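Lettered A, B, C, D and E in written order, each chain numbered from 1.
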Amino acid sequence: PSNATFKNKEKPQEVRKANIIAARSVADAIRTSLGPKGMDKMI
Amino acid sequence: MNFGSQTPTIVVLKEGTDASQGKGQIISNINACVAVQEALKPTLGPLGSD
Amino acid sequence: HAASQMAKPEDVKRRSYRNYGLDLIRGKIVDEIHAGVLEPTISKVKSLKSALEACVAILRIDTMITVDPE
Amino acid sequence: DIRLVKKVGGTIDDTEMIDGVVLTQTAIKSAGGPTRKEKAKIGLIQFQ
Amino acid sequence: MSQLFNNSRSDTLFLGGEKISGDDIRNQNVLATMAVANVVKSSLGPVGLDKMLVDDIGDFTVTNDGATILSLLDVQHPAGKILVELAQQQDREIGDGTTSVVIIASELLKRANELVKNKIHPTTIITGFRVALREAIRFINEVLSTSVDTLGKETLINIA
């Protein structure tokens, strides 16, 4: 309702979303290197 | 008898005209078609992609 | 070569085929024993193994990552 | 306490167990000393 | 064969060069192998003919060996450096078949890449080669021939 706390801040949840996508990006880079069917990565 | 100091040789084809002999060009032409082929490879079929 | 491998053990001529093949000078099939073409057994041993490990090193690569120099 | 010696050349099948310790270093062979000797006692020289 | 270079991605930020994945890598690795395999393909056998390489100071080197021609060809690509160092490993150990071992490896990566496009895993492909090679070495032992009834040094002459 109108008496609810708005909390004044949407920047924290946006920064957490930017970190989760950045963390899932590199996690999905090495997803195909797991198990006997994994593949090598030459850097 | 000569007009000047030196006389550079003529290139038969025009300067910048690309040309090549042997089996390398026809393989490059086939690989060029296969490069265009790979774009339309997964498109074929009902479950294909746009 | 196939006609040699399939053959009965007891067939001299066919077995011999197992022994000969391509000639690059005259362009016909002649015997290597009379021609003198011969190699060591060690040359083929550990040659396919090196080519096998060479194939394994590139074939297992999925993605390529490059770091620029500092 | 485990040791792994890196070396170029050979095949994967050539890896085998060695009952004793192996030295990664090589001999000098400047004055033409021996390379093989049986029933030898190994002493560790910690000085110059 | 690869065209239309991979787009710089904003969701995956890694320092240095851009990351690229998919079948383009194994296509680029095979394309890098054909860059060196076509060089050594012509200088094979008695009928084969070799080429020249200048050293940028007037000097040059007319080379038949696979280890020497690849030693001067400093390959910047990573996949090509494996075959370059293999020939340096081949000629030091055995000193023979330096051209064939590179040609065998190039043909394997050709058909191996075709098999990956046929949707079988590389682990099954590698298992197929190892069981095949174990039978090949067993077959090499069958077709051996011991030198016998030879006059003098003829077996050492004709094999040279």
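In the analysis below, a contact is a pair of C-beta atoms (placed from the backbone, for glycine too) under 8 Å apart; a residue touches a chain by one contact, two chains touch by 3 or more.
Relative to the centroid of every protein C-alpha atom shown, the closest chain centre, again from C-alpha atoms, is found for E. Of the two interfaces, A-E and C-E, the higher number of touching C-beta pairs belongs to C-E. If each chain is reduced to the centroid of its CA atoms, chain D and chain E end up 33 Å from each other. Each chain gets one centre point, the mean of its Cα atoms, and the points for chain B and chain D are 57 Å apart.
Chain centres here are Cα means. That of chain B falls 35 Å from that of chain C. Per-chain Cα centroids separate chain A from chain C by 52 Å. Among the residues of chain C, those in touch with two or more other chains are 46, 49-50, 60-65, 67.
Residue positions 29, 39, 42 of chain A are each in touch with at least two other chains.
Residues of chain E touching chain C in their complex: 14-21, 25-26, 28-29, 33, 45-47, 78-79, 82-83, 86, 89-90, 93-94, 96-97, 100-101, 104-105, 108-109, 112-113, 116, 122, 125-126, 129-130, 133, 136-137, 140, 143-144, 155, 158-159.
Of all residues in chain B, those touching chain E in their complex are 24, 31, 34-35, 38.
Of all residues in chain E, only 11-14, 19, 78, 121-123 touch chain A in the complex they form. For chain A in complex with chain C, the touching residues are 29, 32-33, 39-43.
Chain contact summary for the complex, chain A toward chain E: residues 21-22, 25-26, 29, 36-37, 39, 42.
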